[PDB]
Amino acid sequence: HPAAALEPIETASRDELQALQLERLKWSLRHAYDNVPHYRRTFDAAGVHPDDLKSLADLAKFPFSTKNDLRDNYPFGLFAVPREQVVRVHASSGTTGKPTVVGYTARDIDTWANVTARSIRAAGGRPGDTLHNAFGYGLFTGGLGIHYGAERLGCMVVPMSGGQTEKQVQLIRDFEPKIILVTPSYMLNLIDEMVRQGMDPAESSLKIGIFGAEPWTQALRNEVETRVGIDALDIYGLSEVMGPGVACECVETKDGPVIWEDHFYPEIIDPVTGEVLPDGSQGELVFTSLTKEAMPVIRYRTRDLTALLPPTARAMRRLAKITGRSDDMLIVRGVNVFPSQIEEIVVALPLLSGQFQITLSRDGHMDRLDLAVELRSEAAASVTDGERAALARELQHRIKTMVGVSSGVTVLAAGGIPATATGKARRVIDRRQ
């Protein structure tokens, strides 16, 4: 429409694809090196120059980037263009109170829309389909990324965003979307609300669900597909690389997300040593962007554990199950949360010692985050019961506001959280299984 068709590159030969990748990879390395002081330093210190890349395998010579490099160059230090050529910024959780920040040229936004349209098409969406977009609109990459891709595909986009459960179901009923884009966790909430409204979940217009932003199981898939009468497809990404639409599953094979590696070049490494592993081996997923202008990323470590699998329905490889992470990051209802994020907010309250413990659990199918924090000892003496309840509320509101997750808060006497014999607490107890 024109976007009903596959792009030529989607069905290109392995040779054609690898030639394109090599030509873009040379450009992207040199773009990074010339235009981003950090990469100039980081390459120089590693003894490597862009010229050193003669073949795809030569990528292993180049250093890794991580979340720390963004943190150390906040807010815009990793831009490879002047800010006056940057039309979009997006923001998500960092390890400190400064968000992780990414920027995009006009071309970058166009590229993003194109791969996100490609993803929705791979999953079976078409021009003219009504599409219910329940990913968060705003600083998160999910909502706006899915928005542009769907609009580029010629879908009728319902910009629902991520809350208002009764209204979600009202509009699914009234607007009759064929496609829903939503976290897998919130999809379950929506099914529950259909039931409470007297709507059998299989009596909906939906034929396709495209789920991402967090891991989900085969069992969740079977449960959604069966109850709602849809094909459910897996859409992957992360803000640093672009957003959603880094990889997406094809409905013809349903055999895991296809990585759009004409744009986003994947490697798998041992998470401990950093050595590159052969395709089929489980390790940590690393990306190098091939077409990004504003913020090229070079061997960016996702911390996601997975594996690369051979091409099937496309010219490109696939991801295996994403089985966890190699850092301490939590995802709650699609929202990235670091324990250190919470710590910073906890310590900011002068009545609290800084001692804290997050317990994650499952209440039915819903994740629950519960936060215990300790008073300073001098404070137990003087803080009233009403004062410590308000302290709990205030802490809950700041975490909701600054991190973006809802949490139960409990305020304990000093020593109230079980510690090592010298006072060290386990920061995260995840019982969600």
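Note that residue numbering begins at 1 and tracks the sequence as displayed.
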property: Average Cα temperature factor in the PDB entry - higher stretch of 354-362, 106-114; result: 354-362
property: Stretch with the greater mean C-alpha B-factor as recorded in the entry, comparing 226-234 against 241-249; result: 226-234
property: Within-chain third of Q170 by Cα B-factor, per the entry; result: lowest
property: Third of the chain, ranked by Cα B-factor, where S205 sits; result: middle
property: Assigned third (lowest, middle, highest) for the C-alpha B factor of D327; result: middle
property: Assigned third (lowest, middle, highest) for the C-alpha B factor of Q282; result: middle
property: B-factor third for the C-alpha atom of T312 within its chain; result: middle
